[PDB]
């Protein structure tokens, strides 16, 4: 049996039309062209052989507008003249003299741990792939990024409005990734430097595990459901000692409880038992808990909400 769940990304066309290549000195990466502004990671200013631990304030002072070259490649090829530049946090804000005629309706938002978003991976200003990730509790993502991918963007969509939430910056030693929000802050405690940094400990996202167990029930797989219940308060105390996030319910989870007739508290109890072992049984083809699907994923993909 197949659960009917896949890793679903938004269609990428609207964002593809905003990607550009930004070159400065010996560095080239990707940027996002919206209206008369191009956003890109500030380490484009760094000499390619001094990425270890840069002094970005001094680099910024050394640049002028024609220190930067902005090129759009696909769709409508163009060189975009830079007429202003500024730094906000770990991003550069370049002002260009042409407004992107394909600028979508958009906002900037910050994504929260456990929430999903779509990524458009780009190299040299050319989109190459798209994938979806959940923001981990330790403010990394389990992505797929190589050299040249910085400036690739992550986003969600509400209606036709694109909510940009992530601009790629770096890989960590354990193979995970992190980046900036468009307010210029890095997610988590990370800084845009290549030297050793403490990494926070990851955790299972409890609300997503609950969503996945509801997905199992909706597929006729409920062997783990018992009358036994664990309160949210009691579960959250247990979670703190067992590398789980605390559970915070939402309307999306409530809709799953109503559809299946299985209470949240029954699945909180199930999680505590399953964490100790599946005892040879599988759930939706798996012998470990799955936290990479959201309640919204389950509502949309299975219940067609």
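Positions refer to the first chain, counted from 1. Think of the rigid core as the biggest set of C-alphas that the two forms share within 1.5 Å after superposition.
request  = Quick one: core-superposed, which stretch strays further from the shown model in 9 other deposited structures of this protein, 46-54 or 65-73? Go by RMS C-alpha distance.
outcome  = Of the two stretches, the larger average C-alpha offset in 9 other deposited structures of this protein falls on 46-54.
query = How do 275-283 and 237-245 compare in 9 other deposited structures of this protein: which one has C-alphas farther from this form after the rigid core is matched?
reply = Evaluated in 9 other deposited structures of this protein, the stretch farther from the shown form is 275-283.
message = Please compare 220-228 with 134-142 and name the stretch with the higher mean C-alpha B-factor in the deposited structure.
response = 220-228 has the higher mean C-alpha B-factor.
query = Should the higher mean CA B-factor in the entry be assigned to 57-65 or to 37-45?
reply = Taking the mean C-alpha B-factor of 57-65 and of 37-45, the larger value falls to 57-65.
query = Among 129, 75, 114, 89, where is the Cα temperature factor highest, going by the PDB entry?
reply = Most elevated C-alpha B-factor of the set, per the entry: 75.
query = When the CA B-factors of 30, 26, 252, 266 are compared as recorded in the entry, which is the largest?
reply = Reading the PDB entry, the winner on C-alpha B-factor is 26.
Chain-relative CA temperature factor third for residue 84 = CA B-factor rank for residue 84: highest third.
request  = Ordered by C-alpha B-factor within the chain, which third holds residue 196? Give me lowest, middle or highest, please.
outcome  = It belongs to the highest third of the chain when residues are ordered by C-alpha B-factor.
message = Where does the C-alpha B-factor of residue 288 rank in its chain, lowest, middle or highest third?
response = It falls in the top third of the chain.
message = Split into thirds by Cα B-factor across the chain's modelled residues, where does residue 300 land: lowest, middle or highest?
response = For residue 300, whose C-alpha B-factor we compare with every modelled residue in the chain, the answer is the middle third.
inquiry  = Going by the CA temperature factor in the PDB record, which third of the chain does residue 152 belong to: lowest, middle or highest?
reply    = CA B-factor rank for residue 152: lowest third.
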